[PDB]
């Protein structure tokens, strides 16, 4: 019936067209130490975020999940400003990034105390059921993440505590997979600690190009997201053409009730600005929150993909994901 958004509860029935994985702001852990030269210009970056949300609305999107980790610049109050100014629903998360590119020394120290997993559990409950900092905003998903080929010991604590917190709240889990690895293992590890696969999104499933690997993960009964459309070449990413071919194999198999699509945009980088070198810059060309609507879905349509399979993926799936 209801979901925690950054404006408070919203009926799941009103979510309609949803993107499952976009960032209004995002930073690599450490951006905070570079504050002098990488300042966070709020009004400029709110303007940008606001245009991003208008661009999504012009294509019928009524809800975005922003799964920005706690250690990657999550900022619920800033998202509430975006929601207030556009009427877009924005569901936010609680969780940390994977060990490779996250902030690990804090919870590694607590591991030595023996309190880490409960501490993380306790943080999931607080932010899911109470609110985040002095914000009054609750998280609507638990964000999880693993490394390349390994769900590390560190990562495993967050996974086990996420299973505990979901058993108690019925909360949704959205994960990160690194470079197309560990989708099946995440699904296995989660159900083995009792999590409910009807509330799990294994993410960046499109980073893997072998449909057997998709079907293996899909075998657990979980959702998968093809959520990096337009990310090409960078961070081991395959091409949009390889992603489309993969999604085709799975639509053909009838798996559309388990699949969701998004772009994983970062609309405002936290920290000091940068440019990509003209190789990669040109291959990253289409990484904007409109590419699904202008390029991706058209090409699906050309192939015979029917409107209602689309809808199943952008409407029916989010509805059911968030429903009890």
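Positions refer to the first chain, counted from 1.
Annotation for 88-96 versus 234-242: the higher mean temperature factor (C-alpha) is found in 234-242. Taking the PDB entry as given, 272-280 carries the higher mean Cα B factor of the two stretches 272-280 and 292-300. Between the residues 143, 74, 204, 164, the entry's highest C-alpha temperature factor is the one at 164. The maximum CA B-factor among the listed residues 127, 212, 179, 227, taken from the PDB record, is found at 212. Sort the modelled residues of the chain by CA B factor and residue 102 lands in the highest third. Looking at the C-alpha B-factors along this chain, the one for residue 256 belongs to the middle third.
Remark: residue 10 belongs to the highest third of its chain, ranked by C-alpha B-factor as recorded. Remark: residue 168 belongs to the highest third of its chain, ranked by C-alpha B-factor as recorded. In this PDB entry, residue 39 carries a Cα temperature factor that places it within the highest third of its chain's modelled residues.
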